[PDB]
Structure formats: structure tokens, C-alpha cells
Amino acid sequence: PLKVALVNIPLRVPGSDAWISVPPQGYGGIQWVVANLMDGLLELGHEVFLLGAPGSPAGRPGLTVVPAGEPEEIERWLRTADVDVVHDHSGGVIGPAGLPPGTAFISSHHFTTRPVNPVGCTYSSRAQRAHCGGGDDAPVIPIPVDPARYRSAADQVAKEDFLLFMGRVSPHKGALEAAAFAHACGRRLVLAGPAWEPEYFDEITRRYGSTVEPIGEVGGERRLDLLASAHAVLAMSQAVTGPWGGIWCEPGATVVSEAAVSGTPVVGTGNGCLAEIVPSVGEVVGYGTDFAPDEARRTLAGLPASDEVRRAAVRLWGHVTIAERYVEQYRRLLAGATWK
């Protein structure tokens, strides 16, 4: 049994001194990844020390929530920790230097940008690994999902007619293009996530007002019901640039595994990881806003049903399967092997 220090990305609740928890109260993809990962590791019998998320729920046996929020506190703690593995999800807020002898260092890269710590880095997709300059011996391990955290077939959530966009309402996430696709289909689009870019938000409401229903940041129980009740989820990441530098390349798209394990198929673009995961649970479409209604409406009406997408999601992305893939890499590192 391994002692695993899982380092969440340390971020404050917007406008607040509190740290975002794992799983998060509101918006936060990485924090969901760590929650689902953590459940896998604990189910496998490993001990988990969660860092960078103080105040997170702490009940699970095998789980210790470490009272270290900021980077310096996390580094201080790691220097004296008796753990076998430090598994970084922060994008390199911490690094291997200073860890006690014998401690393995591993990362899950969640960014379009090239990693701070390439050595011992894993990628959620081949497209990301390539884009980030990761070598062929770097593991590709997609985003996990724990079905227990999502609505099940037995919950019998009634299907609604609305399409669903769930993430930050930002151009590279393709909120506008999702409005266009919903419009093409004659459907409503719930825009569930933070819409902090006012000119962008305003353009969507101008062009597709009668289509879109913007509800703002969601979380908790409503988030889960939306995921389950939606007719389909639209993951429409666009190949555009921005303040990250270079072309946007969706690293792992947690919403894909989330929708499907909640029994909801996905329409997406082929951006980044989407080319790899969307076809398993729905259909890839083109970039831009120019969707022929006949095609769109057929794309939508031909998507897989709940049982199929849930099945696929558990087989490919199930928390225990993905956690055991990580443990295999932890042991690789512990035996003295390395990669970049």
C-alpha cells in the first residue's frame, strides 16, 4: 500500500480567502480530476494525503486532508513527509527538489502549455502529449471518472430537450459555436459555467439569444442533474490562440467523461483530446459556426443512448482502471525508471 501525496492546484474561491476544495464547490476541472483520481486510489487500498485543498471533505478512511493551501506550505510539508509518491496536478507549483530520498515525483499535466516538470510527466491525451513536447515514453492516461459521484441509471433522471454547455464561457471553449450548433438543431442550449468575458457573452446573446439560456457557474447537486438530464453535451473547444501562447489544444476535457458516465452523449469538435474521446461517446463535428441544420439535427438524433455512453465511460475512464494505471507509473518510478 502506497502513501500518495496528491497535490491539487492551489486556487482561492474567486473574491475570497478560502481555498477551492476537492471536489470543488463550484467551477474547477482539475479539482474534479483529483477527486475522481483520489476515489480510485483509496478504493485500491492506498493512503492519500491531499494537498492544496484545505477544508475539503475529509471523512474517507485512508484520506488525510493536509492543512496546506499555499505553495510554500505545500513545499514545507512535502520536504518532511513520509510518502512514497508526490503526484502533482498543479502544473508545477511544486517540483521534485527537496523531496526526501526515496520519494517518487510524478505529474498529471492539465494544461495546453508545456510543463514546468517534464520528467515524470503524464498527459491526458496523445494530442496534448505531442503539443506539449512530451516524449514517446511519457504515459498517456485520460481523465478518470467515479460513477458513484454521478447520477446512475437507477436515479432515473428524466431526459430534457435542452443541449448543455458546461465550462467557462470563453472563445477557445467554443460557447459561441455550441450556441450555433444548438441553433442549427432547433434546440435550447443551457450555458452552465462562469461567463466572465462580457463582450464574448454579449456576442453570443446578440447572435443566439433565443437559443441560449445562460445560468452562470453551477455546482453541487444541480450540476449533476444537468449532466444527466441534458439531451447532449457540447464540447466545442476551438483551435484559436490566446494568453496561453500558441494554438489552444484541449488537454483532457473532463466534461466528456462526466457527461457520458451520467448517461449523456457528447457532440464535440476534434480539438486536442476531443478527437480521441468524443467518438467513444458521440460524434465529432467541424470547427466554426456554419452548421447545416439537416446534418446537425441528424448528428444529434443519431447519438448513442445512455447505457452505451455510461459503459464506454466506465470501461475507458473508470476511476479504478485509471487509478491502477497511475499506480503502475508510480511503481515504474519507484523501481528507478524515468522518462520525459
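Don't overthink the numbering: it's just position in the shown sequence, from 1.
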Going by the mean C-alpha B-factor recorded in the entry, which is higher: 36 to 44 or 300 to 308? 300 to 308
Which is higher on average in the deposited entry, the C-alpha temperature factors of 272 to 280 or of 50 to 58? 50 to 58
From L176, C121, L234, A184, pick the one with the largest CA B-factor in the entry? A184
Quick one: which of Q156, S125, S107, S262 shows the highest Cα temperature factor in the PDB entry? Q156
Relative C-alpha B-factor of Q329, binned into the chain's lowest, middle or highest third: lowest
By its CA B factor, does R79 count among the lowest, middle or highest third of the modelled residues in the chain? highest
By the recorded C-alpha temperature factor, relative to the other modelled residues in its chain, which third is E73 in? highest
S257: CA temperature factor from the record, placed by chain third, in the lowest
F111 - which third its CA temperature factor falls in, relative to the rest of the chain: lowest
